Structure formats: C-alpha cells, structure tokens
Amino acid sequence: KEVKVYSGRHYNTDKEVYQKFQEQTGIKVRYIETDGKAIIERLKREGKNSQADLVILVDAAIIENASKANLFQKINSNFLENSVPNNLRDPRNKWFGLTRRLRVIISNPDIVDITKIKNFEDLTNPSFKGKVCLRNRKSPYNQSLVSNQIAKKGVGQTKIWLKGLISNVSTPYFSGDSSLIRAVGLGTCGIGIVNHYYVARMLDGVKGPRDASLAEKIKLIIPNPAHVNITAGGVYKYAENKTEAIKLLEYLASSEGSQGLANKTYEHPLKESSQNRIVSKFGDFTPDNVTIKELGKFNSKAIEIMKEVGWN
Ligand SMILES: [Fe+2]
C-alpha cells in the first residue's frame, strides 16, 4: 500500500507527520514538497499520467486555482464531513482545510501610536502617512486579504479602503513577509501586514539571532474580527491510490494530524488555537466567518482593484 503526496508546504518537511501515519497504518507515504504553483502546473501537464494521489496547497487563492484547473475529485468521508469546520472546506467536497493562519497587523510602537490600531480600517488614518509598508500584490496572502474585504464590504467600500491604505505607503512593495517584519522591527516601516506564523518563527530563532532581535521589537495586532486563511488537501482527480489518499487526508485533518502539521509551521490547528507559547501570547481571535470558498470567488476582482489603486 502506498500514497503519493504532492505538497505545497515546503517551509520545513512534514516527514515526521507522514512517518507517524506510515507507522500507524503500514501505508508507505511518498511525498514531494515544493512550490504549490509548480505542483498545479505539473499536474495540468500530466493529467491522467500524474502519480499524485493527494495534493496539499497553501492559501485560498492557490486552492481556487487548483479547483478551476479541475485537479480534485469529490470525496465522501463521514469523518471529514463531521470534523472540518464548514467554512474551511469546499461545499462541493473537493478539498478540506488542515491548518489555519491569520494575516495580521505588525507595528513598531516607537514609530506609530499602536493605541490607534485595532483593525485593517484603522490603517487609512492620515497620521500613518509614509508609515505603512506592504508586500506586493503577487502574494496570494494579500490577494486573499483583499478578497476577504470584498466578501464583507463589497467592491465599492473595499476600493475606498484600498485608496486610503495605499495613500499611506511611501516605501517600495516588499517581496516577502519576513523582509517586511525586519523593516518594521528596524523602524524603517511603522506598520506592516504579514502572516502571524512568520513573526513566531523569527521570535523562536528559526532565522537566526538578528531576525529574533528585530521580531522582539514588533507589536502584533490581531484584527477583531480576524481574517483566517488555510492550508488544504484534496484527492487528485485521477488518484491511483484513492483509498489511501482519503485515509491520509482523514489523518491530517484529525486532532493529531492537524496539531502535527500546525506545530511544524507555528500555525493554528483546525478546531483549537495553537498551544505554542509564542503563538498563544499573540492573543485570542474571533473569525469573521468569510468562507475560504468566498476568498477564492473574489480573487480575480481583488487583483483587478489592487492593480487599479497602485498596489504594485
Ligand atoms: Fe507562508
């Protein structure tokens, strides 16, 4: 028995999670961990000749791209259908959330008055002119944040928010979240928007002592209510080992599997907040109930309006 996993989680291997599954079930896990867009392009080109059984992808936008490319087949699993929150899975049962991340506000309290920052709407405050820094629009994480705003506010109000936000940017757009954390830590930026787990990795020494010292200087603000995004898995449309792929997906979505995956990347498990002491110090959050499917629905529109307002 074997199952082949093509995984977009390539921050640092889930080998340990796959080995636990192998040890428990006798099912050999053969995995590839690489960039999610590379996996999607490879599978579109391979079609029926692909060896993928299970596909794991990061961010609502990439899940939407794989869905549009018909990469997944619908599955029936009483375990997944009764265990994965409705808002974090496909209504059509093609993909299922595994871990949760939050895109949050980071601030340098020496450069900005953090008492005036509670939510994304506060970043349009004119007192922050020249103090806001952003990763570029190519980031699915940012596309999904703008999609989240469209879902909840509609295009008109989201465009007003975007114009206010981009008005406060006077720094070239960043090519990653960790570089933006460094700039906020150093104080060249007063405010950024990054995923919560990058702050936790730097605080925990993962990127070396300079990055840890810079991350210690930041104040992380979880918007209330919070924008939640996910990593998800689904069974490949032509999976040879369909039965084994479902068993592995059931394991990954379970309390043991979701904790195993989340603890490797400093993410939150599916049904509980992280017990990691660094992550728990960031505080409690309340989801805004926008579904992951809705984040995909508005992805194209989010890219359009980001381009229109000069989020470059
Ligand atoms: Fe990431």
# chains A, B, ... in the order shown; residues from 1 in each chain; ligands from 1

$ closest_atom_pairs --of "chain A" --to "ligand 1" --cutoff "12 Å" --atoms "only C-alpha atoms and all ligand atoms" --output "tab-separated table"
residue	atom	partner	partner_atom_place_in_ligand_line	distance
A:8	CA	ligand 1	1 (Fe)	10.0
A:9	CA	ligand 1	1 (Fe)	8.4
A:10	CA	ligand 1	1 (Fe)	9.1
A:11	CA	ligand 1	1 (Fe)	7.4
A:12	CA	ligand 1	1 (Fe)	11.0
A:35	CA	ligand 1	1 (Fe)	10.7
A:36	CA	ligand 1	1 (Fe)	11.2
A:57	CA	ligand 1	1 (Fe)	10.9
A:58	CA	ligand 1	1 (Fe)	7.6
A:59	CA	ligand 1	1 (Fe)	8.5
A:99	CA	ligand 1	1 (Fe)	11.8
A:100	CA	ligand 1	1 (Fe)	11.1
A:101	CA	ligand 1	1 (Fe)	8.8
A:102	CA	ligand 1	1 (Fe)	10.5
A:103	CA	ligand 1	1 (Fe)	10.2
A:139	CA	ligand 1	1 (Fe)	9.7
A:140	CA	ligand 1	1 (Fe)	9.7
A:141	CA	ligand 1	1 (Fe)	8.1
A:142	CA	ligand 1	1 (Fe)	11.4
A:176	CA	ligand 1	1 (Fe)	9.0
A:177	CA	ligand 1	1 (Fe)	8.0
A:178	CA	ligand 1	1 (Fe)	9.5
A:194	CA	ligand 1	1 (Fe)	9.3
A:195	CA	ligand 1	1 (Fe)	7.1
A:196	CA	ligand 1	1 (Fe)	9.4
A:197	CA	ligand 1	1 (Fe)	7.8
A:198	CA	ligand 1	1 (Fe)	7.3
A:199	CA	ligand 1	1 (Fe)	11.0
A:200	CA	ligand 1	1 (Fe)	11.9
A:201	CA	ligand 1	1 (Fe)	10.8
A:229	CA	ligand 1	1 (Fe)	10.7
A:230	CA	ligand 1	1 (Fe)	10.2
A:231	CA	ligand 1	1 (Fe)	9.7
A:265	CA	ligand 1	1 (Fe)	8.7
A:266	CA	ligand 1	1 (Fe)	10.4
A:267	CA	ligand 1	1 (Fe)	9.8

$ residues_around --residues "stretch 118-135 of chain A" --least-positions-apart "3" --cutoff "6 Å" --atoms "only C-alpha atoms" --output "PyMOL selection string"
chain A and resi 164-165+168-170+173-176+189-192+223

$ atom_distance --atom1 "atom CA of residue A:269" --atom2 "atom CA of residue A:225"
18.3 Å

$ select_by_dssp --residues "stretch 127-286 of chain A" --states "strand (DSSP E)" --output "VMD selection string"
chain A and resid 191 to 195 219 to 221 228 to 235 268 to 269

$ write_last_selection --atoms "N, CA and C atoms" --output "compact mmCIF listing (two decimals), in the first residue's frame"
# COMPACT_ATOMS: atom_id res chain seq x y z
N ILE A 191 4.26 50.19 10.14
CA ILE A 191 3.12 49.23 10.10
C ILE A 191 3.33 48.32 8.90
N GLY A 192 3.07 47.05 9.12
CA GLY A 192 3.01 46.07 8.03
C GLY A 192 1.86 45.12 8.22
N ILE A 193 1.67 44.31 7.20
CA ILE A 193 0.63 43.27 7.19
C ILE A 193 1.35 41.98 6.79
N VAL A 194 1.31 41.00 7.67
CA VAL A 194 2.08 39.75 7.46
C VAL A 194 1.31 38.59 8.07
N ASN A 195 1.69 37.37 7.72
CA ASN A 195 1.03 36.24 8.38
C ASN A 195 1.63 36.03 9.77
N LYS A 219 5.03 44.89 17.77
CA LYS A 219 3.75 44.63 18.44
C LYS A 219 2.82 44.03 17.39
N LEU A 220 2.34 42.81 17.62
CA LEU A 220 1.43 42.14 16.67
C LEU A 220 0.00 42.43 17.10
N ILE A 221 -0.86 42.85 16.18
CA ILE A 221 -2.27 43.20 16.44
C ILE A 221 -3.13 42.26 15.60
N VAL A 228 -9.08 34.72 8.49
CA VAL A 228 -8.48 33.37 8.62
C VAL A 228 -8.25 32.84 7.22
N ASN A 229 -7.10 32.26 7.02
CA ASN A 229 -6.78 31.58 5.74
C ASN A 229 -6.25 30.20 6.08
N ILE A 230 -6.05 29.35 5.10
CA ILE A 230 -5.79 27.94 5.44
C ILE A 230 -4.76 27.30 4.50
N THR A 231 -4.25 26.16 4.90
CA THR A 231 -3.70 25.12 4.00
C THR A 231 -4.77 24.05 3.89
N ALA A 232 -4.88 23.43 2.71
CA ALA A 232 -5.91 22.42 2.49
C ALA A 232 -5.36 21.26 1.70
N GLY A 233 -6.03 20.15 1.80
CA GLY A 233 -5.73 18.99 0.98
C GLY A 233 -6.93 18.52 0.21
N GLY A 234 -6.66 17.84 -0.89
CA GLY A 234 -7.70 17.17 -1.65
C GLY A 234 -7.09 16.03 -2.43
N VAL A 235 -7.96 15.13 -2.82
CA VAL A 235 -7.56 13.95 -3.61
C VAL A 235 -7.51 14.30 -5.08
N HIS A 268 -2.13 27.57 13.48
CA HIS A 268 -3.20 27.06 14.37
C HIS A 268 -3.74 25.79 13.76
N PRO A 269 -4.01 24.80 14.61
CA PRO A 269 -4.77 23.64 14.16
C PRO A 269 -6.18 24.04 13.75

$ select_by_dssp --residues "stretch 27-256 of chain A" --states "helix (DSSP H, G or I)" --output "number ranges by chain"
A: 36-49, 60-68, 78-83, 86-88, 114-116, 120-124, 126-128, 140-167, 177-186, 196-203, 209-215, 242-253, 255-256

$ write_last_selection --atoms "C-alpha atoms" --output "tab-separated table (two decimals), in the first residue's frame"
chain	number	residue	atom	x	y	z
A	36	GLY	CA	2.22	24.99	-4.90
A	37	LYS	CA	2.11	26.79	-8.31
A	38	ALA	CA	4.78	24.34	-9.64
A	39	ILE	CA	2.59	21.41	-8.48
A	40	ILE	CA	-0.53	22.84	-10.20
A	41	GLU	CA	1.34	23.42	-13.46
A	42	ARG	CA	2.91	19.92	-13.36
A	43	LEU	CA	-0.46	18.23	-12.71
A	44	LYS	CA	-2.24	20.19	-15.50
A	45	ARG	CA	0.51	18.93	-17.89
A	46	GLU	CA	0.49	15.28	-16.58
A	47	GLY	CA	-3.31	14.80	-16.26
A	48	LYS	CA	-4.12	11.06	-16.21
A	49	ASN	CA	-0.38	10.18	-16.29
A	60	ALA	CA	-7.36	30.21	-0.56
A	61	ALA	CA	-6.10	31.79	-3.84
A	62	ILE	CA	-3.99	28.70	-4.76
A	63	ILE	CA	-6.80	26.32	-3.69
A	64	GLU	CA	-9.12	28.31	-6.04
A	65	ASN	CA	-6.52	27.99	-8.88
A	66	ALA	CA	-6.30	24.16	-8.38
A	67	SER	CA	-10.17	23.98	-8.24
A	68	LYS	CA	-10.53	25.97	-11.51
A	78	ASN	CA	-18.12	10.95	7.32
A	79	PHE	CA	-15.02	11.87	9.39
A	80	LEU	CA	-14.07	14.93	7.30
A	81	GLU	CA	-17.76	15.96	6.72
A	82	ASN	CA	-18.36	15.91	10.54
A	83	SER	CA	-14.84	17.24	11.70
A	86	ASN	CA	-17.91	24.11	7.12
A	87	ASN	CA	-16.22	27.50	6.43
A	88	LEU	CA	-12.81	25.79	5.96
A	114	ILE	CA	-0.39	51.49	18.46
A	115	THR	CA	-3.34	52.71	20.67
A	116	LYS	CA	-4.98	53.92	17.35
A	120	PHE	CA	-7.50	46.98	8.98
A	121	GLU	CA	-9.82	50.02	8.61
A	122	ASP	CA	-7.55	51.98	11.07
A	123	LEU	CA	-4.57	51.78	8.60
A	124	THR	CA	-6.20	54.57	6.41
A	126	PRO	CA	-3.72	60.06	7.87
A	127	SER	CA	-1.43	60.08	10.97
A	128	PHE	CA	0.17	56.91	9.39
A	140	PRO	CA	-1.74	35.18	-2.68
A	141	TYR	CA	-1.81	36.11	1.05
A	142	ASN	CA	-2.52	39.76	0.11
A	143	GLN	CA	-4.95	38.85	-2.68
A	144	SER	CA	-6.92	36.74	-0.17
A	145	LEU	CA	-6.96	39.64	2.38
A	146	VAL	CA	-8.47	41.99	-0.27
A	147	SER	CA	-10.91	39.18	-1.30
A	148	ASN	CA	-11.90	38.96	2.42
A	149	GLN	CA	-12.74	42.71	2.37
A	150	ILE	CA	-14.77	42.40	-0.93
A	151	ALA	CA	-16.76	39.49	0.59
A	152	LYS	CA	-17.79	41.56	3.70
A	153	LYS	CA	-17.92	45.16	2.34
A	154	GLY	CA	-18.38	44.82	-1.45
A	155	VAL	CA	-16.13	46.25	-4.17
A	156	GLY	CA	-17.05	49.95	-3.63
A	157	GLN	CA	-16.13	50.17	0.06
A	158	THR	CA	-13.08	47.92	-0.46
A	159	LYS	CA	-11.77	50.31	-3.20
A	160	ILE	CA	-12.23	53.28	-0.77
A	161	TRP	CA	-10.28	51.33	1.91
A	162	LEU	CA	-7.55	50.40	-0.64
A	163	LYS	CA	-7.13	54.01	-1.77
A	164	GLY	CA	-6.76	55.12	1.89
A	165	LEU	CA	-4.26	52.32	2.61
A	166	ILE	CA	-2.06	52.83	-0.45
A	167	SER	CA	-2.10	56.63	0.24
A	177	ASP	CA	6.59	38.72	4.73
A	178	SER	CA	9.89	38.10	6.63
A	179	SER	CA	11.63	41.10	4.88
A	180	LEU	CA	8.62	43.30	5.90
A	181	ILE	CA	8.88	42.08	9.56
A	182	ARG	CA	12.59	43.05	9.51
A	183	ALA	CA	11.73	46.59	8.23
A	184	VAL	CA	9.04	47.09	10.91
A	185	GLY	CA	11.49	45.73	13.63
A	186	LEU	CA	14.23	48.11	12.38
A	196	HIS	CA	1.19	35.56	12.15
A	197	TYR	CA	3.46	32.47	11.88
A	198	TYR	CA	6.41	34.40	10.29
A	199	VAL	CA	6.61	36.54	13.49
A	200	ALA	CA	6.58	33.35	15.61
A	201	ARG	CA	9.31	31.66	13.52
A	202	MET	CA	11.59	34.72	13.85
A	203	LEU	CA	10.94	35.04	17.62
A	209	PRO	CA	19.63	35.95	16.16
A	210	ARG	CA	19.38	39.27	14.24
A	211	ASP	CA	15.85	38.37	12.95
A	212	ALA	CA	14.88	37.25	16.51
A	213	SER	CA	16.06	40.62	17.96
A	214	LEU	CA	14.13	42.58	15.26
A	215	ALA	CA	10.93	40.50	15.78
A	242	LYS	CA	-7.69	6.99	-3.81
A	243	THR	CA	-8.50	4.84	-0.77
A	244	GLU	CA	-5.06	5.54	0.86
A	245	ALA	CA	-5.27	9.25	-0.08
A	246	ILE	CA	-8.59	9.62	1.78
A	247	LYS	CA	-7.18	7.75	4.85
A	248	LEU	CA	-4.21	10.13	4.90
A	249	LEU	CA	-6.42	13.23	4.45
A	250	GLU	CA	-8.64	11.98	7.35
A	251	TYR	CA	-5.47	11.61	9.47
A	252	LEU	CA	-4.13	15.10	8.52
A	253	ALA	CA	-7.50	16.74	9.39
A	255	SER	CA	-6.72	16.43	16.05
A	256	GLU	CA	-3.36	14.51	15.97

$ closest_residue --among "A:254, A:13, A:273, A:1" --to "residue A:26" --atoms "only C-alpha atoms"
A:1

$ atom_distance --atom1 "atom CA of residue A:104" --atom2 "atom CA of residue A:282"
10.2 Å

$ atom_distance --atom1 "atom CA of residue A:97" --atom2 "atom CA of residue A:312"
29.6 Å

$ closest_residue --among "A:23, A:14, A:53, A:90" --to "residue A:240" --atoms "only C-alpha atoms"
A:53

$ closest_residue --among "A:111, A:98, A:292, A:261" --to "residue A:17" --atoms "only C-alpha atoms"
A:261
